C-alpha cells in the first residue's frame, strides 16, 4: 500500500469540502471525511455520552447530533469532554483507512492539528477565508468559530475568498507542486 496523504484543514466554511471534491473528481483522491467518521464513532459510544451529558443528547433511544451540539457548543468544558471521548477512536479509524488504501489520500478535517492527524500527512493544505465570507456561507459558523481559534494556517495556504474557478486554479497549482 504505497500512498500519499494530504491533509486538508481550515476553519468552518472556508472551503475544505469544496477543495476535497475537486481533489476527488479531478485528481482521484480517496477522501477521508473526518466528520463522518466522528458520526460513526458517536454511535459506538452511546452509553458513555449518556453518562457524560444525560439522556437529552438523545431523541428517542438515539444519539442526536443537533441536541448534542446544543450542549457542547455552549461550553469549552463540555466540548473537551466529548473530544476526549471520541478523538482517540476517530484517529485509530483514520490510521486504519490510510493503512488499507493506496494512491492519493486526502484527510479532510477542520481539526487536523488538534487531533494530531497532521503528523499522518505528507503535505498539509490549509484553506482560509475571511470571517465575513465564512458567515455568508455557513449558518453554524457564528457559533462554532469561537471554538476554532487554534485552527491556524499550516502547510500550504490556499485562500478561498473569490470564485470557484479561482479556487480550482489554486488547487491545480498546489497539485503541480506536490503530486
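Numbering follows the first chain given and starts at 1.
In the deposited entry, the Cα temperature factor of residue 38 sits in the middle third of values across the chain's modelled residues. In this PDB entry, residue 30 carries a Cα temperature factor that places it within the middle third of its chain's modelled residues. The PDB entry assigns residue 132 a C-alpha temperature factor belonging to the middle third of its chain's modelled residues.
Residue 64: CA B factor lies in the lowest third for its chain, per the PDB record. Residue 139: CA B factor lies in the highest third for its chain, per the PDB record.
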